[PDB]
Amino acid sequence: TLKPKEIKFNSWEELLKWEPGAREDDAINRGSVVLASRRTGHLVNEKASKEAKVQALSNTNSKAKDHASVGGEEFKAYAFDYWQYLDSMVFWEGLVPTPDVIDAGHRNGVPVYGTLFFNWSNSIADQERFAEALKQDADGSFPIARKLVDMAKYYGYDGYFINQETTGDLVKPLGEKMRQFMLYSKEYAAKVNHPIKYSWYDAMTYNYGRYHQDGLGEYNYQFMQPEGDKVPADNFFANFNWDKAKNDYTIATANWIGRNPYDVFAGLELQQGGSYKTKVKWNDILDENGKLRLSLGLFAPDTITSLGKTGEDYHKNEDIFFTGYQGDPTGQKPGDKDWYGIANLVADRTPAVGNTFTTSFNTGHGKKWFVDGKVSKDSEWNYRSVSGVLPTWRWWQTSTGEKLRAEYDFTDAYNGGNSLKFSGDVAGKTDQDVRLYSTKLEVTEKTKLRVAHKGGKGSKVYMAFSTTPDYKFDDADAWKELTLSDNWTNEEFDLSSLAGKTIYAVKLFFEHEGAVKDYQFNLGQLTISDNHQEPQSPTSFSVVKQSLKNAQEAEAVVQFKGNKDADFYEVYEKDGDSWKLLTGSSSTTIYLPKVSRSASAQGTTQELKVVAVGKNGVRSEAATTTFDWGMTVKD
């Protein structure tokens, strides 16, 4: 069995037998990307809050039998890219998040939590399963808590959401132990140098079994009550039937016990409600100035995949959800709509901090995979481990006249599955901009800008940077004109004149001198870095496992040693005279679901290669190895 699979335990005894490295797919199932730091930039929406937070409880993965834990050879996926508004992502489907989700979230600076679910039930079997989790050693420690911590450390994720929906006579007395299990976990996680957080559903009361308060209150406060410096639950997820009075009570209760009210996330039932069509009592959670007074808990926002038919529709629907119907995170809810875009209410954050930032707008899925503007993988995929950093703002536009339409372009890309396209009929002379990223990038004498782009016929296009935190673009040394052409080009600009300054934002600016029917410009890659070097090639590359289906089709697992400059890796096969990309991963162990040869292939072996794609956007030289079929196609 070469295909890596989600991690599920059939009993607590099985979990107590878990050990690092003891599963054949562990090398692939581990997260590979450390949790990135983020900045919170200047507020761009007058109604947004830097205190209010958003937690997503998402069914992130395919439900197909025998789907892989890394993704698959299909475009449609929960290719989440709105990290900039999230506090955390909860992997709802199981205890141990898959590496595709962990890597994507971590690159974007968002912690990823597994889910510990105790069934909605009063069966003795379920009451016992709950009691069994809370078994203690003589010293009061909880062995199951240790295993949960140990797995978070090994697989590289950040904690758990506990949904304790089991009730009955054997459950009622266990509130104190449940609380101590969470506190103890914090002690042990510190001991092993891998802190974790817990998020707790408003379900099990301290003394009375299951009862939702739709808030924090007199029956559940103990789960949030501090022990000085430590807390049991870090976040609290209030049940869906909150209202003004319940929210008032929650705030009073949090304040009294010495917790931040914004650590309570008011739940939105998006599965039954239909994503942004969900009716929400906004008036009961917004204060007199139209600002959130509690955080937001998104239950099952992945339902949004059901609202359209295509992968392209998924992103467009997410824009309505996260940005809002008005289409610009700086704007207000339209008067004819009830839904508030998340951006209308919650400040953005950014992982684009330091001396280096790169993106090719990789959303973790595609219909094809492009390499420097050429099709390399000519077929569909989702491998979210390689998800990159998409624009902060979708879309912050100003114009002297009409505004171009901005969208992802899955038909043409520079690297990965999509670029950004800006298009429309331009009616006459116009100047306009699209503000794309919030950043905090330090410029030195060695800093350069690399920009891949295509099209723009009938315009001049510039990239401009703000060197102040309030996003003014008044610095003459921070405007660069692009040299347009009809093909993909990748141009480099010296930013040394900005040495000692900090870049806080990135925008495009377009000038049209007259009308242009069906104007189009694509942005394919953006890199600001003081490192122009190729990363070193991977080493010690080999095929470590393989399973032939026939002489033209096989599964494989490859492994190599990488280096700290690599953001992720791409694996290719040589198919006749051409290299063709198979997959990409942040990991140094990679599953290949289909190594393939044509009917006319010669010989008994076939070359494979792996390339490191740098954090500075530059590819390494390839490392190569030889896959041995052990037969010709005609034998």
# chains A, B, ... in the order shown; residues from 1 in each chain; ligands from 1
call {"tool": "select_by_dssp", "arguments": {"residues": "segment 228-391 of chain A", "states": "strand (DSSP E or B)", "output": "ChimeraX atom specification"}}
result
/A:230,235-238,264-269,286,292,295-299,346,350,353-354,356-359,365-366,369-371,374-377,381-382
call {"tool": "write_last_selection", "arguments": {"atoms": "N, CA, C and O atoms", "output": "short mmCIF file (atom, residue, chain, number, x, y, z; two decimals), in the first residue's frame"}}
result
data_model
loop_
_atom_site.label_atom_id
_atom_site.label_comp_id
_atom_site.auth_asym_id
_atom_site.auth_seq_id
_atom_site.Cartn_x
_atom_site.Cartn_y
_atom_site.Cartn_z
N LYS A 230 -2.32 29.82 32.65
CA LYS A 230 -2.77 28.75 31.78
C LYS A 230 -4.28 28.78 31.72
O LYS A 230 -4.93 29.32 32.59
N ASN A 235 -10.03 28.58 23.03
CA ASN A 235 -11.17 29.12 22.31
C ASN A 235 -12.43 28.35 22.70
O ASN A 235 -12.38 27.14 22.98
N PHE A 236 -13.54 29.08 22.67
CA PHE A 236 -14.85 28.52 22.99
C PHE A 236 -15.77 28.76 21.78
O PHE A 236 -15.83 29.89 21.32
N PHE A 237 -16.50 27.72 21.36
CA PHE A 237 -17.36 27.79 20.20
C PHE A 237 -18.79 27.75 20.72
O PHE A 237 -19.26 26.69 21.15
N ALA A 238 -19.47 28.90 20.69
CA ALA A 238 -20.83 29.00 21.21
C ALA A 238 -21.81 28.39 20.21
O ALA A 238 -21.71 28.62 18.98
N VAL A 264 -14.39 33.82 22.55
CA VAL A 264 -15.64 33.12 22.27
C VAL A 264 -16.05 33.41 20.80
O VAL A 264 -16.15 34.59 20.39
N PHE A 265 -16.29 32.32 20.06
CA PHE A 265 -16.62 32.31 18.67
C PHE A 265 -18.06 31.93 18.54
O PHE A 265 -18.44 30.80 18.84
N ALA A 266 -18.89 32.89 18.13
CA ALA A 266 -20.33 32.65 17.98
C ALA A 266 -20.56 31.81 16.71
O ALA A 266 -20.18 32.21 15.62
N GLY A 267 -21.19 30.64 16.85
CA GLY A 267 -21.29 29.75 15.73
C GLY A 267 -22.28 30.19 14.69
O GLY A 267 -23.37 30.71 15.02
N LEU A 268 -21.91 29.99 13.43
CA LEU A 268 -22.80 30.16 12.27
C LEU A 268 -22.98 28.77 11.61
O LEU A 268 -21.99 28.10 11.28
N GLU A 269 -24.24 28.33 11.44
CA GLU A 269 -24.53 26.98 10.91
C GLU A 269 -24.65 27.11 9.40
O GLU A 269 -25.75 27.34 8.84
N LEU A 286 -23.24 42.70 16.34
CA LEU A 286 -22.62 43.96 16.04
C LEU A 286 -23.02 45.01 17.05
O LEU A 286 -24.20 45.05 17.43
N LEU A 292 -18.10 43.95 15.29
CA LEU A 292 -18.30 42.71 16.03
C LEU A 292 -17.95 42.86 17.50
O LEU A 292 -16.90 43.41 17.86
N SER A 295 -16.20 36.94 18.48
CA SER A 295 -15.63 36.33 17.28
C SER A 295 -16.64 35.44 16.55
O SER A 295 -17.77 35.29 17.01
N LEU A 296 -16.24 34.93 15.37
CA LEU A 296 -17.14 34.17 14.53
C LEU A 296 -16.65 32.77 14.33
O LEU A 296 -15.50 32.56 13.93
N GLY A 297 -17.53 31.80 14.61
CA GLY A 297 -17.22 30.39 14.39
C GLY A 297 -17.95 29.88 13.17
O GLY A 297 -19.18 29.90 13.13
N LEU A 298 -17.22 29.47 12.12
CA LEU A 298 -17.82 29.07 10.87
C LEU A 298 -17.99 27.56 10.87
O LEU A 298 -17.01 26.82 10.77
N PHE A 299 -19.22 27.07 11.05
CA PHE A 299 -19.45 25.63 11.01
C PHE A 299 -19.71 25.18 9.58
O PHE A 299 -20.71 25.54 8.94
N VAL A 346 -13.68 41.93 9.80
CA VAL A 346 -12.50 41.33 10.40
C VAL A 346 -11.25 41.82 9.65
O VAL A 346 -11.21 41.71 8.43
N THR A 350 -1.14 39.10 7.24
CA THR A 350 -0.24 38.75 6.14
C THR A 350 0.97 38.00 6.62
O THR A 350 1.60 38.43 7.59
N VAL A 353 6.28 38.79 5.24
CA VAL A 353 7.13 39.55 6.16
C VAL A 353 8.56 39.01 6.10
O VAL A 353 8.79 37.82 5.88
N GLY A 354 9.53 39.89 6.26
CA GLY A 354 10.94 39.52 6.23
C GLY A 354 11.68 40.14 5.09
O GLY A 354 11.35 41.25 4.71
N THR A 356 12.22 38.26 2.19
CA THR A 356 11.84 37.52 1.01
C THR A 356 10.35 37.16 1.04
O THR A 356 9.82 36.66 2.04
N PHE A 357 9.70 37.40 -0.10
CA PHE A 357 8.34 36.94 -0.35
C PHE A 357 8.25 36.50 -1.80
O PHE A 357 8.76 37.19 -2.68
N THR A 358 7.60 35.36 -2.05
CA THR A 358 7.31 34.97 -3.41
C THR A 358 5.91 34.36 -3.53
O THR A 358 5.39 33.76 -2.57
N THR A 359 5.31 34.51 -4.70
CA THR A 359 4.08 33.82 -5.01
C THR A 359 3.93 33.67 -6.51
O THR A 359 4.28 34.61 -7.26
N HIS A 365 -4.59 23.73 -6.42
CA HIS A 365 -5.25 22.88 -7.40
C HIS A 365 -5.17 23.54 -8.77
O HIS A 365 -4.84 24.71 -8.90
N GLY A 366 -5.45 22.75 -9.81
CA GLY A 366 -5.46 23.30 -11.14
C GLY A 366 -6.04 22.31 -12.13
O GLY A 366 -6.19 21.13 -11.84
N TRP A 369 -0.72 22.04 -14.74
CA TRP A 369 0.36 22.65 -13.97
C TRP A 369 1.36 23.22 -14.98
O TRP A 369 1.90 22.47 -15.83
N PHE A 370 1.52 24.54 -14.90
CA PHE A 370 2.41 25.30 -15.77
C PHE A 370 3.78 25.49 -15.13
O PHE A 370 3.90 25.63 -13.90
N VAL A 371 4.83 25.42 -15.96
CA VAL A 371 6.20 25.62 -15.55
C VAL A 371 6.78 26.73 -16.45
O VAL A 371 6.88 26.59 -17.69
N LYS A 374 4.70 27.37 -19.54
CA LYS A 374 4.42 26.23 -20.45
C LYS A 374 3.69 25.10 -19.74
O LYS A 374 4.03 24.76 -18.60
N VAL A 375 2.69 24.51 -20.37
CA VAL A 375 2.08 23.34 -19.77
C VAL A 375 3.11 22.26 -19.53
O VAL A 375 3.85 21.90 -20.44
N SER A 376 3.13 21.73 -18.30
CA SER A 376 4.03 20.61 -17.96
C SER A 376 3.20 19.40 -17.56
O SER A 376 3.34 18.31 -18.14
N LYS A 377 2.31 19.59 -16.57
CA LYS A 377 1.28 18.60 -16.28
C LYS A 377 0.00 18.97 -17.04
O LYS A 377 -0.59 20.00 -16.77
N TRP A 381 -5.43 18.37 -10.99
CA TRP A 381 -4.76 18.01 -9.75
C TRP A 381 -5.25 18.88 -8.58
O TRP A 381 -5.68 20.03 -8.75
N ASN A 382 -5.12 18.30 -7.38
CA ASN A 382 -5.16 19.10 -6.15
C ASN A 382 -4.14 18.51 -5.21
O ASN A 382 -4.19 17.30 -4.90
#
call {"tool": "residues_around", "arguments": {"residues": "segment 543-546 of chain A", "least_positions_apart": "4", "cutoff": "8 Å", "atoms": "only C-alpha atoms", "output": "PyMOL selection string"}}
result
chain A and resi 2+554-559+625-627
call {"tool": "write_last_selection", "arguments": {"atoms": "N, CA, C and O atoms", "output": "PDB file, in the first residue's frame"}}
result
ATOM      1  N   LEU A   2       0.939   1.907  -1.126  1.00  0.00           N
ATOM      2  CA  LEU A   2       1.787   3.055  -1.308  1.00  0.00           C
ATOM      3  C   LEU A   2       1.005   4.347  -1.076  1.00  0.00           C
ATOM      4  O   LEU A   2       1.599   5.344  -0.659  1.00  0.00           O
ATOM      5  N   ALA A 554       2.341   2.724 -13.136  1.00  0.00           N
ATOM      6  CA  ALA A 554       2.786   2.272 -11.833  1.00  0.00           C
ATOM      7  C   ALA A 554       2.521   3.372 -10.801  1.00  0.00           C
ATOM      8  O   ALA A 554       2.477   4.535 -11.133  1.00  0.00           O
ATOM      9  N   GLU A 555       2.379   2.946  -9.573  1.00  0.00           N
ATOM     10  CA  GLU A 555       2.520   3.856  -8.420  1.00  0.00           C
ATOM     11  C   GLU A 555       3.967   3.818  -7.929  1.00  0.00           C
ATOM     12  O   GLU A 555       4.635   2.784  -8.013  1.00  0.00           O
ATOM     13  N   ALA A 556       4.411   4.906  -7.296  1.00  0.00           N
ATOM     14  CA  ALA A 556       5.718   4.959  -6.700  1.00  0.00           C
ATOM     15  C   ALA A 556       5.698   5.877  -5.492  1.00  0.00           C
ATOM     16  O   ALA A 556       4.850   6.753  -5.384  1.00  0.00           O
ATOM     17  N   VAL A 557       6.704   5.694  -4.639  1.00  0.00           N
ATOM     18  CA  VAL A 557       7.046   6.683  -3.593  1.00  0.00           C
ATOM     19  C   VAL A 557       8.546   6.994  -3.787  1.00  0.00           C
ATOM     20  O   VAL A 557       9.373   6.076  -3.913  1.00  0.00           O
ATOM     21  N   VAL A 558       8.843   8.298  -3.844  1.00  0.00           N
ATOM     22  CA  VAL A 558      10.198   8.765  -3.930  1.00  0.00           C
ATOM     23  C   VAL A 558      10.577   9.529  -2.671  1.00  0.00           C
ATOM     24  O   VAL A 558       9.721  10.047  -1.929  1.00  0.00           O
ATOM     25  N   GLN A 559      11.872   9.553  -2.411  1.00  0.00           N
ATOM     26  CA  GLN A 559      12.397  10.217  -1.236  1.00  0.00           C
ATOM     27  C   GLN A 559      13.735  10.860  -1.595  1.00  0.00           C
ATOM     28  O   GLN A 559      14.467  10.383  -2.465  1.00  0.00           O
ATOM     29  N   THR A 625      16.822  10.304 -11.000  1.00  0.00           N
ATOM     30  CA  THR A 625      16.934   8.898 -10.709  1.00  0.00           C
ATOM     31  C   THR A 625      16.232   8.107 -11.800  1.00  0.00           C
ATOM     32  O   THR A 625      15.569   8.674 -12.666  1.00  0.00           O
ATOM     33  N   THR A 626      16.409   6.800 -11.785  1.00  0.00           N
ATOM     34  CA  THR A 626      15.863   5.929 -12.817  1.00  0.00           C
ATOM     35  C   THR A 626      14.861   4.950 -12.227  1.00  0.00           C
ATOM     36  O   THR A 626      15.185   4.189 -11.289  1.00  0.00           O
ATOM     37  N   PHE A 627      13.626   5.023 -12.724  1.00  0.00           N
ATOM     38  CA  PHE A 627      12.572   4.073 -12.378  1.00  0.00           C
ATOM     39  C   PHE A 627      12.729   2.842 -13.257  1.00  0.00           C
ATOM     40  O   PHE A 627      12.797   2.965 -14.493  1.00  0.00           O
TER      41      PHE A 627
END
call {"tool": "atom_distance", "arguments": {"atom1": "atom CA of residue 67 of chain A", "atom2": "atom CA of residue 586 of chain A"}}
result
19.0 Å
call {"tool": "closest_atom_pairs", "arguments": {"of": "segment 340-451 of chain A", "to": "segment 475-492 of chain A", "cutoff": "10 Å", "atoms": "only C-alpha atoms", "output": "CSV"}}
result
residue,atom,partner,partner_atom,distance
A:372,CA,A:488,CA,7.9
A:373,CA,A:488,CA,6.0
A:374,CA,A:488,CA,9.1
A:412,CA,A:488,CA,9.8
A:413,CA,A:488,CA,8.8
A:414,CA,A:488,CA,7.2
A:448,CA,A:492,CA,6.6
A:449,CA,A:492,CA,5.5
A:450,CA,A:492,CA,4.4
A:451,CA,A:491,CA,5.4
call {"tool": "atom_distance", "arguments": {"atom1": "atom CA of residue 213 of chain A", "atom2": "atom CA of residue 225 of chain A"}}
result
16.3 Å
call {"tool": "closest_residue", "arguments": {"among": "A:501, A:77, A:623, A:33", "to": "residue 566 of chain A", "atoms": "only C-alpha atoms"}}
result
A:33
call {"tool": "residues_around", "arguments": {"residues": "residue 161 of chain A", "least_positions_apart": "2", "cutoff": "7 Å", "atoms": "only C-alpha atoms", "output": "ChimeraX atom specification"}}
result
/A:90,113-116,163,198-200
call {"tool": "residues_around", "arguments": {"residues": "residue 218 of chain A", "least_positions_apart": "6", "cutoff": "10 Å", "atoms": "only C-alpha atoms", "output": "ChimeraX atom specification"}}
result
/A:205-206,249-250,253
call {"tool": "write_last_selection", "arguments": {"atoms": "N, CA, C and O atoms", "output": "CSV table (one decimal), in the first residue's frame"}}
result
chain,number,residue,atom,x,y,z
A,205,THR,N,-21.7,20.5,29.8
A,205,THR,CA,-21.6,21.4,30.9
A,205,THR,C,-20.7,20.8,32.0
A,205,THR,O,-20.3,19.6,32.0
A,206,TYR,N,-20.3,21.6,33.0
A,206,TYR,CA,-19.4,21.1,34.0
A,206,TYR,C,-20.0,20.0,34.9
A,206,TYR,O,-19.2,19.1,35.2
A,249,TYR,N,-24.5,38.1,28.0
A,249,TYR,CA,-24.2,37.2,29.2
A,249,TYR,C,-22.8,36.6,29.0
A,249,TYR,O,-22.0,36.5,29.9
A,250,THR,N,-22.5,36.2,27.7
A,250,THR,CA,-21.2,35.7,27.4
A,250,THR,C,-20.1,36.7,27.7
A,250,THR,O,-19.0,36.3,28.3
A,253,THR,N,-19.7,37.2,31.4
A,253,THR,CA,-19.1,36.0,32.0
A,253,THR,C,-17.6,35.9,31.7
A,253,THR,O,-16.7,35.7,32.6
call {"tool": "atom_distance", "arguments": {"atom1": "atom CA of residue 452 of chain A", "atom2": "atom CA of residue 106 of chain A"}}
result
25.2 Å
call {"tool": "closest_residue", "arguments": {"among": "A:611, A:252, A:503, A:343", "to": "residue 584 of chain A", "atoms": "only C-alpha atoms"}}
result
A:611
call {"tool": "select_by_dssp", "arguments": {"residues": "segment 219-374 of chain A", "states": "helix (DSSP H, G or I)", "output": "VMD selection string"}}
result
chain A and resid 221 to 223 244 to 257 261 to 263 270 to 273 275 to 277 282 to 285 301 to 307 311 to 322 342 to 345
